[PDB]
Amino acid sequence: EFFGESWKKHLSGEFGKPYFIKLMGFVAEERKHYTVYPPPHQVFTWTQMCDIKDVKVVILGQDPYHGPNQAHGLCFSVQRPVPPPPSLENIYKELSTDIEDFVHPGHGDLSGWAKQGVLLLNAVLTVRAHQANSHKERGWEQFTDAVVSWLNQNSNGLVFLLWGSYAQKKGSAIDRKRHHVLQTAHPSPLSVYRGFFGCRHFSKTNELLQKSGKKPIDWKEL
């Protein structure tokens, strides 16, 4: 099924809310007249890869990729055989310098991280083909805020990775006495040298995980 049951159990209170029904209607109408990404079965891939209770790390994105075959419901990720986009190449580049033993998988599919409890959540979960931010402020933001809010209140010692000002705003209210928040610039080439290169978020995450008595992410398990 398209929406993981452990996530549904905790998020179902949102579904009957006025904003959510409206959002579903909006997306449905868009799909009738336009090509909308990701495909219908991949809007909620981020609920399918692990149990909600097993989340260890949260990487917040903004808008899904807007080109053919790119977005598949995990932020920054692209399925085989799609080449990693520039943002993702920069992520892999930082991994290579942050963690010597990291190995580039030769593809852009981040499912391996998702399975380990890395939540790869975009704030806005659909986009009209070729039109960045086309589905902005139509209700997704309230829903993904609800996901972040649940994790904030109902988990312990998560590491939140906030890349770029948009993600920083979205994670502004995270409880920093209960969770860890790491912030830097967005990995896109335009912003990557404003802090992302050298941020060392991946090793830092693993050390923070070990501080909470948790097993680290194998970032090369892709």
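Note that the rigid core is defined as the largest set of C-alphas that superpose within 1.5 Å between two forms. Note that residue numbering begins at 1 and tracks the sequence as displayed.
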Q | Greater Cα displacement in 7 other deposited structures of this protein once the core is superposed, comparing 118-126 with 101-109 | A | 101-109
Q: May I ask which stretch, 128-136 or 146-154, sits farther from the shown form in 7 other deposited structures of this protein once every structure is superposed on the core, judging by RMS CA distance?
A: 128-136
Q. With respect to the recorded C-alpha B factors, which stretch has the higher mean value, 99-107 or 113-121?
A. 99-107
Q: Go through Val43, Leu190, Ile59, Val27 one by one and give the residue whose Cα B-factor in the PDB entry is largest.
A: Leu190
Q: Taking the values exactly as deposited, rank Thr47 by C-alpha B-factor within its chain and report the matching third: lowest, middle or highest.
A: lowest
Q) Lowest, middle or highest third of the chain for the C-alpha temperature factor of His135? A) middle
Q) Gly164: which third of its chain by C-alpha temperature factor? A) middle
Q. Relative to the other modelled residues in the chain, which third contains the C-alpha temperature factor of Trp219: lowest, middle or highest?
A. lowest
Q: Would you check the entry's CA temperature factor for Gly195 and let me know if it's in the chain's lowest, middle or highest third?
A: highest
